[PDB]
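Chemist: Before we start, here is the structure in question, set down as structure tokens.
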Amino acid sequence: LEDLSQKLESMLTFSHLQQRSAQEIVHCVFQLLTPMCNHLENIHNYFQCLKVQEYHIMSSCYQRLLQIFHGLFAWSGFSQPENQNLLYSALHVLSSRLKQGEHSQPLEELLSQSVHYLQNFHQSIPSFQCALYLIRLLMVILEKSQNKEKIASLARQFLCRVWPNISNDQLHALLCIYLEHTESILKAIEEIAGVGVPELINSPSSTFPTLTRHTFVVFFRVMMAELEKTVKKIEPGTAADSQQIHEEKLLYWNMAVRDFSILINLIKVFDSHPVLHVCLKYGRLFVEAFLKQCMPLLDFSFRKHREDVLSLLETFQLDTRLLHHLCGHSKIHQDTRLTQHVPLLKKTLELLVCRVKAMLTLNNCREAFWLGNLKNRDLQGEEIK
Amino acid sequence: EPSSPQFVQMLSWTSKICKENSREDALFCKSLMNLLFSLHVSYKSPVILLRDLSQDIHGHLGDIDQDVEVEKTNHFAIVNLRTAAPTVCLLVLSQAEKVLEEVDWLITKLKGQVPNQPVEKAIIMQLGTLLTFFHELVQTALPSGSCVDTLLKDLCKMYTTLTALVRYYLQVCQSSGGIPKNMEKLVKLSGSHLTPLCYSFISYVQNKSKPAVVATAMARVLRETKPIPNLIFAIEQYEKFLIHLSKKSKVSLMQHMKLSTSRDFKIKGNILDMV
Amino acid sequence: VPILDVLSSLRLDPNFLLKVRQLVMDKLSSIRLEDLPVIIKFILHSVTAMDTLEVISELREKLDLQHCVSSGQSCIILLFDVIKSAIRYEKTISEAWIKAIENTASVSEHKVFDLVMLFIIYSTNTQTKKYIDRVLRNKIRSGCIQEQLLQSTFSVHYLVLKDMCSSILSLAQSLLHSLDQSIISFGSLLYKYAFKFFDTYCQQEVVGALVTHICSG
Amino acid sequence: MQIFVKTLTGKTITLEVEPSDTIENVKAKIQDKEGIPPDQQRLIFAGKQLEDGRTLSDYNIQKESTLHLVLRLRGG
Amino acid sequence: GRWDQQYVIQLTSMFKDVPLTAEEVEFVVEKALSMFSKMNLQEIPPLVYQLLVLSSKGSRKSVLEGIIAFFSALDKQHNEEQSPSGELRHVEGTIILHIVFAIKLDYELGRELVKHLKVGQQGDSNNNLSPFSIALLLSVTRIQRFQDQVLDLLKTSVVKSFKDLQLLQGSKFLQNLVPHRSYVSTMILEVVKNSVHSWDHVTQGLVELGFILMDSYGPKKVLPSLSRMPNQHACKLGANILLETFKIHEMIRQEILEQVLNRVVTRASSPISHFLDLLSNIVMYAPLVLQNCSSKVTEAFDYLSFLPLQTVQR
DNA sequence: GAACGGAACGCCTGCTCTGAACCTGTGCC
DNA sequence: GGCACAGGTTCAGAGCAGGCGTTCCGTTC
């Protein structure tokens with residue numbers, strides 16, 4: 001199976017192989033894998049429901065199998081219709097791995113049967129990588145259609161289990177998969193950021209484990225990136241759009257902003273190179289999204305829905321300030337690696353200021369825009385001199 | 001011919017007219033000055049010229065502190081409250097830009113090489129002189145119009161040029177172990193005189209606030225946003241490259257400069273009357 | 001028709017000219033082939049600067065070029081010679097044409113005449129080559145211009161492009177350099193059919209060009 | 001009349017021929033006095049690749065003027 | 001060890017077949033290139049052949065550096081002796097031809113060459129180039145893969161030469177600092193002046209460059225100084241090249257003229273003044289050739305209604 | 001000795017250079 | 001009290017440079 005996974009990886013994403021077409025190889029592989037490695041997969045499940053070197057081997061076999069399945073099912077010749085008769089026979093096989101009689105069945109029903117079969121492995125698995133392959137497999141089976149909830153429950157189980165080491169990138173990919181399928185990204189980070197704390201309270205390893213003093217980094221990274229990606233998707237309409245839609249947009253904004261505030265406040269406890277490296281690199285992206293896709297809405301809904309906007313901006317100052325402090329901190333402890341990403345941040349903040357000025361300028365309240373220079377603090381709260 | 005005595009007496013006479021006469025017309029003044037630069041540059045650099053003028057502007061127009069007592073009209077006569085604000089600011093600023101083009105051009109040529117010593121020396125003397133120019137300008141209560149935008153975009157040009165000088169020095173001092181004292185003194189000046197004022201200037205411009213098609217209003221306002229940010233970005237980028245050089249010199253160039261001042265805003269109880 | 005010869009060759013106001021232009025354009029598809037080049041020549045120097053996109057679109061959607069299909073191929077060569085005489089300098093019509101067809105890149109039912117014109121105008125104007133280049137590189141990408149058009153193109157409209165060998169070959173060469181194997185596929189199909197239906201000189205030229213792309217790129 | 005050729009080993013070689021004679025004649029003489037056939041030869045004067053059907057009058061080639069050779073091995 | 005100046009080529013060729021490091025190929029090439037000075041001339045090209053095919057597996061930039069230093073310095077020696085040719089330029093031509101033909105195999109050499117003579121920062125274009133290097137590049141041009149990059153290089157090299165000279169002239173400070181190097185325009189005309197020595201694989205490239213310049217940098221914004229003044233010294237150099245080329249090379253005067261007339265005729269949508277000024281200058285040198293383009297001449301006279309007035313008149 | 005940060009060659013974005021015309025403001029008849 | 005010239009401004013286009021995206025080597029534990 002090491003050998004066969006090597007060959008598929010080469011072929012899709014070794015000479016005697018390459019003198020054949022992918023279609024030929026996959027066409028043969030249906031007959032060369034499906035019913036008889038399904039037996040072997042079932043046998044692994046039987047074993048893993050329950051000397052150590054065999055266990056290591058059997059885990060390796062399990063991941064190699066599922067890797068083969070993913071390498072199979074993601075073939076871009078199942079996009080085109082020719083290889084899809086093959087897929088219909090394959091699905092027939094996977095469904096008939098439990099139950100027979102439902103012949104020439106609707107495609108989607110057969111998908112449900114296959115994935116419902118693939119559900120039952122969730123507890124057997126010993127290691128991370130297996131889980132990941134399984135999930136990626138399911139997701140690429142399922143896109144042939146709501147169903148996110150099943151992926152989400154599964155991902156949450158496999159983020160929440162014990163996992164007796166683990167490499168960061170695996171987890172990165174798993175949590176990307178979690179968050180892009182969850183209902184509410186915002187309350188997800190909020191839950192996880194009232195839980196970034198018990199890493200400090202309890203264990204010098206939490207109630208959401210896979211969260212060592214190491215692993216915080218990757219959580220943070222993904223929470224920042226996926227949040228910034230989320231809010232970028234919003235389109236501000238016009239005053240033709242109802243106050244109602246504006247209200248829910250603003251609440252959405254407000255939740256995202258306080259989320260961001262909560263994220264950034266975690267820097268004082270977790271000072272390092274790379275956690276800083278993240279908030280610098282991501283903060284600017286957040287703010288830019290805020291400029292390009294809030295400010296026009298505020299221009300629209302100023303004169304009616306103003307007090308919300310003022311609470312919003314006032315709140316947003318209270319981490320903007322932290323970010324400026326961070327820039328200063330980064331300059332003082334003269335760390336090349338962080339300072340690289342300062343000046344675009346700076347430039348981005350001042351541009352926020354000036355955009356607000358312009359925002360009032362349109363609404364005929366320009367003179368009210370007063371400035372004040374800022375006290376110089378570190379991250380904790382001083383007036384450093 | 002530039003070196004010919006007739007060029008020389010001509011230039012000198014011109015300068016006497018510029019030292020002598022008020023002459024409250026604008027264009028007349030503008031034409032004289034343009035004449036003067038277009039001669040002078042063929043003779044030698046125009047910076048001490050620029051310095052004298054900037055001082056005279058400061059003396060005539062005011063200061064942002066509203067409380068420093070100053071007059072240096074004696075230098076160059078062709079100034080009033082009518083003359084010097086919306087005209088001569090621009091003109092002298094456009095001459096400074098020509099200087100900064102010349103110097104960035106030198107610097108590119110030096111990185112070309114990889115002769116050097118007098119090159120750098122002349123560059124630094126130039127830069128320091130007109131850095132002093134910018135000092136006397138930046139303390140000034142200019143108007144909210146064009147000359148103010150012009151100045152921001154010439155500062156950006158300034159800092160950028162310094163950044164380029166610094167980047168030159170990166171590629172040198174790593175090989176040898178350098179920063180001759182001139183450059184140090186220059187950065188000392190860049191910190192002390194210019195930068196903190198820059199921030200104070202911006203306080204002035206932004207706090208200074210005192211019918212138009214909505215789409216073209218959008219065009220106007222969004223054109224009005226960029227330069228101050230582009231300034232920031234240039235400053236910070238000076239600072240960043242200093243850090244690098246600090247790391248690769250065994251010197252704190254940042255012991256000279258200061259914690260970068262930054263700007264938080266507010267809103268007040270005026271919106272109420274407007275609605 | 002000889003009225004149109006005369007009237008085309010006269011000083012007349014653009015308003016009566018526009019009247020008679022419509023008196024022609026209503027009677028386009030109701031005609032034999034024999035008469036069309038002298039008609040079309042008149043039409044090519046009846047247009048304004050502002051009725052250019054409208055009349056190119058009107059014309060291009062109205063025509064057959066296939067109902068007529070050894071007087072057929074001979075009088076279509078004369079039609080194309082009339083087109084060669086009008087495209088050469090009147091850029092207000094040539095750019096109008098380029099942009100009249102790029103704007104009809106939505107519908108994949110745009111036909112032989114659209115590509116014949118691409119080749120002719122690519123050969124014609126040294127200057128507007130790269131707008132054509134970019135238009136076709138976007139066009140090809142959309143699941144538009146495909147083989148079957150090229151097939152019939154070179155199957156019937158070969159005598160016109162028989163002359164424009166190196167035009168085709170330059171296009172092909174410029175295609176095969178880049179990525180997006182659709183590009184490369186089409187540029188290869190171009191060589192194949194071009195080599196197929198053309199003279200032995202053309203064939204000699206093709207293989208020369210091919211071995212050049214081989215030793216070189 | 002006398003002329004020179006030099007090659008990839010630096011074998012300065014002296015060729016006696018009339019200027020009205022042609023280039024393939026010199027290739028024959030190279031096959032004769034040096035054993036190198038014509039088709040492998042590539043003859044140059046002063047940055048011009050010399051063809052067969054020409055002569056030394058065509059290229060203004062004169063007494064003791066030095067030619068250059070290489071071995072154009074098709075395969076190698 | 002000291003090298004018997006006669007039989008050093010064979011010695012050099014011995015290093016060819018031994019597989020060496022970069023260090024040992026570097027040692028041999030640097031010493032063997034230092035040997036160039038203390039020789040007769042005519043032995044050098046086949047030496048260069050062996051150097052090159054060895055240089056295919058080692059340090060090649062080093063060889064080109066040494067080559068160009070050698071030939072640029074000696075060109076300047078000749079120039080100062082002027083203010084020893086009929087062999088010298090001949091050997092140069094042959095060398096150029098060798099290196100072109102060797103690039104014909106290995107293209108990495110092409111890219112390493114061009115990186116060496118990449119202007120990049122403009123001050124490199126005041127130590128990079130000589131007339132000799134330029135001649136090299138214009139000979140290189142003939143490879144269809146290299147007719148873009150080389151010409152973008154020469155073109156943009158020439159425009160930046162003029163942007164420097166304009167800016168230097170309009171300052172005195174800079175004149176008090178710098179001593180005037182050579183500027184690309186005058187190098188290119190020395191080359192053309194010295195193309196009488198009659199290697200003509202250049203001349204097609206030259207022609208091509210002249211046409212590029214006049215095509216690109218000719219009045220199109222004109223139907224300032226920055227966009228105007230040093231993109232007219234370009235055009236003028238184009239036309240100046242062609243006219244000068246034309247006075248020397250009686251093989252070429254036909255093809256120039258057919259291309260020019262194609263340019264004059266098909267356009268006159270665009271302004272083509274520079275071309276007609278050129279054409280007048282050409283004919284006023286030697287009208288006889290215009291018998292040979294009698295064909296295109298008479299073809300124009302069928303188009304001479306559809307052309308506008310000024311065209312026709314000049 | 002390994003990994004993570006510094007580093008190089010190409011394409012797209014956007015920003016700038018420039019021109020041209022409209023329009024509106026001021027001074028003189 | 002109105003008309004003409006100027007100057008600002010703005011838009012449209014086009015062209016080009018730099019930064020990030022992919023891919024690899026140095027430096028610091």
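Please note that chains go A, B, ... in the order of the structure tokens, that every chain numbers its residues from 1, and that ligands are numbered from 1 in the order shown.
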As a ChimeraX atom specification, please: every residue in region 62-204 of chain B that a backbone DSSP assignment puts in helix (DSSP H, G or I).
Modeler: /B:73-75,84-113,117-138,146-173,181-204
Chemist: Which residues come within 10 Å of residue 265 (chain E), counting only C-alpha atoms (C1' of nucleotides), excluding same-chain residues fewer than 6 positions away, as JSON, numbers by chain?
Modeler: {"C": [88, 89], "E": [272, 296, 299, 300, 303, 304, 306, 307, 308, 311, 312]}
Chemist: Those residues you just picked out, can you put them in a file as a PDB file, in the first residue's frame with C-alpha atoms?
Modeler:
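Writing the result to selection_9.pdb gives the following:
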```
ATOM      1  CA  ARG C  88      -6.422  48.707 -44.243  1.00  0.00           C
ATOM      2  CA  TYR C  89      -6.779  52.418 -43.085  1.00  0.00           C
TER       3      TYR C  89
ATOM      4  CA  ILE E 272       5.024  58.755 -39.318  1.00  0.00           C
ATOM      5  CA  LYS E 296       6.192  48.943 -53.967  1.00  0.00           C
ATOM      6  CA  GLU E 299       1.741  49.775 -55.455  1.00  0.00           C
ATOM      7  CA  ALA E 300       1.688  52.970 -53.251  1.00  0.00           C
ATOM      8  CA  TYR E 303      -3.159  53.631 -52.477  1.00  0.00           C
ATOM      9  CA  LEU E 304      -2.243  57.368 -52.984  1.00  0.00           C
ATOM     10  CA  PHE E 306      -6.567  56.587 -49.417  1.00  0.00           C
ATOM     11  CA  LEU E 307      -3.337  58.207 -48.082  1.00  0.00           C
ATOM     12  CA  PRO E 308      -3.591  61.743 -46.615  1.00  0.00           C
ATOM     13  CA  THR E 311       2.548  61.695 -46.792  1.00  0.00           C
ATOM     14  CA  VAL E 312       2.102  62.170 -50.565  1.00  0.00           C
TER      15      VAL E 312
END
```
Chemist: Pick out the residues sitting within 10 Å of residue 33 (chain D), and hand them over as a PyMOL selection string; count only C-alpha atoms (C1' of nucleotides), and ignore anything fewer than 4 positions along from it in its own chain.
Modeler: chain D and resi 13-15+28-29
Chemist: Quick one: distance from CA of residue 31 (chain E) to CA of residue 113 (chain E) in Å, one decimal?
Modeler: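 Interatomic distance here is 20.6 Å.
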Chemist: Tell me, as a list in words, which residues lie within 12 Å of residue 3 (chain G), counting only C-alpha atoms (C1' of nucleotides); anything in the same chain fewer than 4 positions away does not count.
Modeler: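 So the residues in contact are residues 26, 27, 28 and 29 of chain F.
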Chemist: Taking only C-alpha atoms (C1' of nucleotides) into account, which of F:25, F:11, F:2, F:20 comes nearest residue 4 (chain G)?
Modeler: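 When distances to residue 4 (chain G) are compared using only C-alpha atoms (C1' of nucleotides), the smallest one comes from F:25.
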Chemist: Excluding region 201-210 of chain B and residues on its chain fewer than 3 positions from it, collect all residues at most 6 Å away from it, counting only C-alpha atoms (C1' of nucleotides), and give them as a VMD selection string.
Modeler: (chain A and resid 367 370) or (chain B and resid 197 to 198)
Chemist: Compute the set of chain B residues within 8 Å of chain A, using only C-alpha atoms, and express it as an MDAnalysis selection string.
Modeler: chainID B and resid 203 206:207 209:210 214 217:218 221:222 225:226 228:230 232:233 236:237 240 243:244 259:271 274
Chemist: Name all residues at most 9 Å from residue 20 (chain D) (count only C-alpha atoms (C1' of nucleotides); drop same-chain ones fewer than 6 positions away) and give them as a ChimeraX atom specification.
Modeler: /D:55-58
Chemist: Let me see the file: selected residues, C-alpha atoms, as a short mmCIF file (atom, residue, chain, number, x, y, z; two decimals), in the first residue's frame.
Modeler:
```
data_model
loop_
_atom_site.label_atom_id
_atom_site.label_comp_id
_atom_site.auth_asym_id
_atom_site.auth_seq_id
_atom_site.Cartn_x
_atom_site.Cartn_y
_atom_site.Cartn_z
CA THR D 55 35.12 32.02 -54.13
CA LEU D 56 37.86 34.06 -52.40
CA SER D 57 37.24 37.03 -54.78
CA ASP D 58 33.65 37.15 -53.39
#
```
